[PDB]
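Residues 739 to 1040, 1169 to 1427, numbered by the authors' numbering, are exactly what the sequence shown covers, in order.
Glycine residues also receive a C-beta, built at the ideal position from the N, C-alpha and C atoms.
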Amino acid sequence: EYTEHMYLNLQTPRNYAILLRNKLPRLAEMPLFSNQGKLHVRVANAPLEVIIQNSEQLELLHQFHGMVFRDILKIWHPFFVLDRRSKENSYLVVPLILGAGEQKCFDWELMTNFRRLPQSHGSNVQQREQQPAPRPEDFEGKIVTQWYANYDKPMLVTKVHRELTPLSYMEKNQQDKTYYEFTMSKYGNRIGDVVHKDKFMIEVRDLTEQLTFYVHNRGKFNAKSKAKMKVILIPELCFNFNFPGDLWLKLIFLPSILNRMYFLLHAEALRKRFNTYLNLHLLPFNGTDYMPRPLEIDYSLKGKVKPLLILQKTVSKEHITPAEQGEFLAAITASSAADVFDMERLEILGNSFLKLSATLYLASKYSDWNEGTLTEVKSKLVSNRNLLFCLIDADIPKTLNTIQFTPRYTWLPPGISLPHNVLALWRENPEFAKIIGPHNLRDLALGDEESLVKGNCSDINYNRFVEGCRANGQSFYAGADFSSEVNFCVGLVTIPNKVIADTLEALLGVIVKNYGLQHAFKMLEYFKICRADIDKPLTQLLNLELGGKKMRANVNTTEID
């Protein structure tokens, strides 16, 4: 009963959507670990079709998409600019409003009104007198905040109490004390008085500031005591961001969904590439499987021998099963980027298969050698350096999840990027790139104009910024490892080689699990693990289970008995 507000708000038909010009495949269902429960999010299989008949509509949608990050979620930065070049990760998010029944048109009213969110002002008594009387419809299911209290953060009103009114005693702990008199004993010096003393009051509920719902926030919440501190608010003492509150509360989950889809697209592309490369386009290609999650990974706190299924599906393809996006993305998600799952479980299977395949290849290829050199070469093959060198050229590591997704300081917004001029100076001046510090990035104060209609800083401001950058040479900022704070700005990353060495094996692991050893063997040739001889096709496919013998295992005589 202290959580049904989202439970119904999340279940509102009025939703939002993501708008693209390139199409999408089917995507895996995702879980969300909210601070009040668990959520599941899916992407519609069939997108809607809209043509941009007016460039003004496109510009307004872009402005609203930027405004959401700038104000609603507090993601903006002084250097942030709406991207106009539109090459690197450019797209938009558009809300929906229930149109002609099955149609959910764009909330054109919302974009036309809230180009920018209004500012909660400390309205005084004098102007409150002639201001219009608050209406119950004007506040129901909307967004409000307390301009009088130091808690300036936006908050949400759930239901309106027309029967309640000021001068009403607090039902809990203050039966002798009224809301009205408490207001003066708390903020009377700041409000002056409450006008329209006989009107209704509203019941409000707070909003979380947390933006990463991947991990289960296990703890003794004490939900009954969580909402025990109940708030009833006077309408005229609080601002009103008149807004479909359900859409707002859904918008907090947006960055996590965006990041998970961003990486799941890489997973899907890898699945397509590896399915095609092994000539796998049979019936199990279609559809998708909902993404699973593990429990025994610590931080996710909340007769006759059985036939071995892997061998059975290796020899009998009736038991084969299709790999899915979840497994590949799990093999992509590094431990450092501690999501609900990670790549560590498939790593052991991949390591074992790589060891066995290298051993078999060496034995069936170099049978004229002793054990010492064979073991030495085998350990050289499965060594971390070799795996790193053979996976970098595979061009995979740019599509790896290796850093924790914290949006405010370790993320770049989708539709927002750095100014084009400073980027062009940055990516073409290696002598100057290494000296740029985050203080220099925050030196420029780019207002609405630069981000909206310009995309670049002014020439005088350009000179000021570059002078501030060059002044770092004589200060402590010189010689600092700024890549810790600028790589995510320039779309760069630093990754330990252990991650690459383990993630190659993690990739091999799911392939082994789903299909069988014989099909998995070709992937070593794909990563040029073993320069397989075309003269014997089965050596890279099956002869590893069929070869290895010579004259020293063939002679027949009962004398050996």
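Among the options, whose alpha-carbon lies nearest the alpha-carbon of residue i?
i, options, result
"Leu1003", "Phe938, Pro1030, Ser963 and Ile1198", "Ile1198"
"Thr916", "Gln869, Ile970 and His954", "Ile970"
"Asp1399", "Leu1228, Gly1313, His743 and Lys1179", "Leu1228"
"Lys1394", "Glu1006, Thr1424 and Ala1260", "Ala1260"
"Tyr754", "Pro816, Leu762, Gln795 and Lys842", "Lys842"
"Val895", "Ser1317, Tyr1028, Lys968 and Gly837", "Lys968"
"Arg928", "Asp936, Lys897 and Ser861", "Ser861"
"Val1359", "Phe1271, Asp1314 and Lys1264", "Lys1264"
"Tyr1037", "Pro904, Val953 and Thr850", "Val953"
"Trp1292", "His1305, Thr1276, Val1332 and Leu1253", "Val1332"
"residue 1137", "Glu1294, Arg1011, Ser1218 and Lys1221", "Along the chain, the last residue before the gap is 1040 and the first after it is 1169, so residue 1137 carries no coordinates."
"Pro763", "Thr883, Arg1009 and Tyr1392", "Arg1009"
"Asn773", "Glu1184, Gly1382, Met999 and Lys1040", "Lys1040"
"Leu798", "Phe852, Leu836, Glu826 and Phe1348", "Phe852"
Return the chain-ordered list of same chain residues with a C-beta closer than 6 Å to the C-beta of residue i, the five sequence neighbours on each side being excluded.
i, result
"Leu1257", "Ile1366 and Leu1370"
"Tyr1343", "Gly1303"
"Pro993", "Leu949 and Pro1273"
"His1286", "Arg823, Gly1321 and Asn1322"
"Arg1308", "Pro816"
"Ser1317", "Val819 and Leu820"
Between which residues of its own chain and residue i is the CB-CB distance below 7 Å, once the five residues before and five after are set aside?
i, result
"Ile1282", "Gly804, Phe807, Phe818, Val819, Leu820 and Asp821"
"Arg900", "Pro874 and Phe938"
"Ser828", "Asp821 and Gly1281"
"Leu1016", "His1385 and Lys1388"
"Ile813", "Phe807, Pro1273, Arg1274 and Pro1279"
"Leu1284", "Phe817, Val819 and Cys1355"
Classify residue i as helix, strand or coil using the three-state DSSP reduction.
i, result
"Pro769", "strand"
"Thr883", "strand"
"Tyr1381", "coil"
"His859", "coil"
"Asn997", "helix"
"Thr1199", "strand"
"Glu941", "strand"
"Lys1231", "helix"
"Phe852", "coil"
"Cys1256", "helix"
"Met805", "helix"
"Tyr917", "helix"
"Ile970", "strand"
"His778", "strand"
"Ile1186", "coil"
"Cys1396", "coil"
"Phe959", "coil"
"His743", "helix"
"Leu1212", "helix"
"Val953", "coil"
"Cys1355", "coil"
"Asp1314", "helix"
"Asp1325", "helix"
Any idea if residue i is buried or exposed, counting beta-carbon neighbours within 10 angstroms, 16 or more meaning buried?
i, result
"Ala1311", "exposed"
"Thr1405", "buried"
"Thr1268", "buried"
"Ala1196", "buried"
"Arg759", "exposed"
"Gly983", "buried"
"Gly1192", "buried"
"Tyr889", "exposed"
"residue 1165", "A break in the chain separates 1040 from 1169, and the residue in question, residue 1165, sits inside that break with no coordinates."
"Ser1245", "exposed"
"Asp1427", "exposed"
"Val1352", "buried"
"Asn997", "buried"
"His743", "buried"
"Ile972", "buried"
"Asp845", "buried"
"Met893", "buried"
"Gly1414", "exposed"
"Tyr745", "exposed"
Is residue i close to the ligand ATP? I mean its beta-carbon at under 7 Å from any heavy atom of the ligand.
i, result
"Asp1309", "As far as ligands go, the structure on display features none, and thus does not contain the ligand ATP."
Going along the chain, which residues of its own chain have a beta-carbon closer than 8 Å to the beta-carbon of residue i, five neighbours each way excluded?
i, result
"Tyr740", "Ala961, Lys962, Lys964 and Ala965"
"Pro856", "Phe977 and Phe979"
From the DSSP secondary-structure annotation, give me the bridge partner or partners of residue i.
i, result
"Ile756", "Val831"
"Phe977", "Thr883"
"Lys897", "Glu941"
"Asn1267", "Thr1199"
"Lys842", "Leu836"
"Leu820", "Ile1282"
"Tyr907", "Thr916"
Against chain B, with Cβ distances strictly below 8 Å, would residue i count as a contact?
i, result
"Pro973", "Of the chains in the structure shown, none is chain B; there is only one protein chain."
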